[PDB]
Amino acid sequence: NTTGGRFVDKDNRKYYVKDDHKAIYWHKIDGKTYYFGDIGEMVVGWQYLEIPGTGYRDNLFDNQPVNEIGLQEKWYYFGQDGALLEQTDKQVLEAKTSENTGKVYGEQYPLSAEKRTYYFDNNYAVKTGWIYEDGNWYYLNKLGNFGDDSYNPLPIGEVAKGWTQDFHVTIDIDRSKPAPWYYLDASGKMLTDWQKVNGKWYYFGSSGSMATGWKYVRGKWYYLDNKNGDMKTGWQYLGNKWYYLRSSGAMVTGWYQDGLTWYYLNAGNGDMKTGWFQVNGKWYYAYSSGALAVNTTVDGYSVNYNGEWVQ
């Protein structure tokens, strides 16, 4: 809603001058939106800026005070004429790189030979987070790359690929909130259910979040690394108890013979039994290793070839 001034070309830059002053920051002029930075140089192309609309970085001129405000920064796209692209859905645009962002009108720079589909929110900023398209979920980076004492916002809004953690993010990551892991394939499609990645199995369920710990899937129990999510197999000591997982990863219950040795996995919980235990009337004795005692004596007690306590 800025009127009364005029655009001016000087020193290879463009400004908007009203009553002798240069427009700074965000301005809505004659049906279009522009951004003039801190000193008035109209911007063009890709820009990572403080969000507009609060009034703290809007309708301002360089002769006015720039009160201190804390505003999140987001990616916006401006035409070569400086007009903000007021997209709220999506649009194919030159990819943003280290060579075509933060430029101002008058500067010379190359146009990305590569175009990409960028998604936008209802306030014309590049969208981040989850998006659903043509039957699949895609994740647009909420964060840029951290270096130690360094941050690059370029990845924000780009389609994520591979292992990706979904943090709660605003200006910074919210460490108190949960951050599930997801896996996006080569085209960015979010994987669901069982998937073998880098030689190991992971379970992403229906929501796509990587499962950890014990997980009940289609009538069977599986154990995924409590931290890394990879499916375990074979004998596993969990919670001070032994469990046997088949090569398929499914937990075994009942009698199980490993080589010549029998073991008994608790009917429901699946934990390996030790000591004397009864099964369908019969009594059996398992050593501390869980191995069933057979054709021998156990503290004055005889047990036959099936480990059954002989009367």
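The numbering used is simple: start at 1 and walk along the sequence shown. Take the two forms, superpose them, and find the largest set of C-alpha atoms that agree within 1.5 Å; that set is the rigid core.
Visitor: Name the stretch that deviates more in 6 other deposited structures of this protein: 107-115, or 211-219? Use RMS CA distance to the shown form, core superposed.
Guide: When 107-115 and 211-219 are compared in 6 other deposited structures of this protein, the bigger C-alpha shift is seen for 107-115.
Visitor: Do the Cα atoms of 271-279 stray more than those of 243-251 in 6 other deposited structures of this protein, or is it the other way round, with the core held fixed?
Guide: It is 271-279 whose C-alphas lie farther from the shown form in 6 other deposited structures of this protein.
Visitor: Check whether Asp174 goes without coordinates in at least a third of the other compared PDB entries of this protein that model residues on both sides of it.
Guide: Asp174: unmodelled in a third or more of the comparison entries.
Visitor: Please compare 137-145 with 175-183 and name the stretch with the higher mean C-alpha B-factor in the deposited structure.
Guide: Comparing 137-145 with 175-183, the higher average CA B-factor belongs to 175-183.
Visitor: Which is higher on average in the deposited entry, the C-alpha temperature factors of 107-115 or of 79-87?
Guide: Taking the mean B-factor of the alpha carbons in each, 107-115 is higher.
Visitor: Could you say which of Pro52, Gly37, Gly281, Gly45 has its CA atom at the highest B factor, as listed in the PDB entry?
Guide: Within the set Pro52, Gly37, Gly281, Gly45, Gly281 shows the top C-alpha B-factor.
Visitor: In this PDB entry, which of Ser150, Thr233, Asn198, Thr128 has the top CA B-factor?
Guide: The C-alpha B-factor peaks, among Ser150, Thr233, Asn198, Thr128, at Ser150.
Visitor: Name the third of the chain's ranked CA B-factors that contains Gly208, choosing lowest, middle or highest.
Guide: Lowest third, going by the recorded CA B-factors of the chain.
Visitor: Using the B-factor values recorded in the entry, state whether the Cα atom of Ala293 falls in the lowest, middle or highest third among the modelled residues of its chain.
Guide: CA B-factor rank for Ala293: middle third.
Visitor: For the chain shown, is the CA B-factor of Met190 in the lowest, middle or highest third of its modelled residues?
Guide: Within its chain, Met190 is a lowest-third residue by C-alpha B-factor, going by the deposited values.
Visitor: Among the modelled residues of its chain, does the C-alpha B-factor of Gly268 lie in the lowest, middle or highest third?
Guide: Its C-alpha B-factor belongs to the highest third of this chain's values.
Visitor: Split the chain's modelled residues into thirds by Cα B-factor; is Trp242 in the lowest, middle or highest one?
Guide: According to the entry, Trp242 has a C-alpha B-factor in the chain's middle third.
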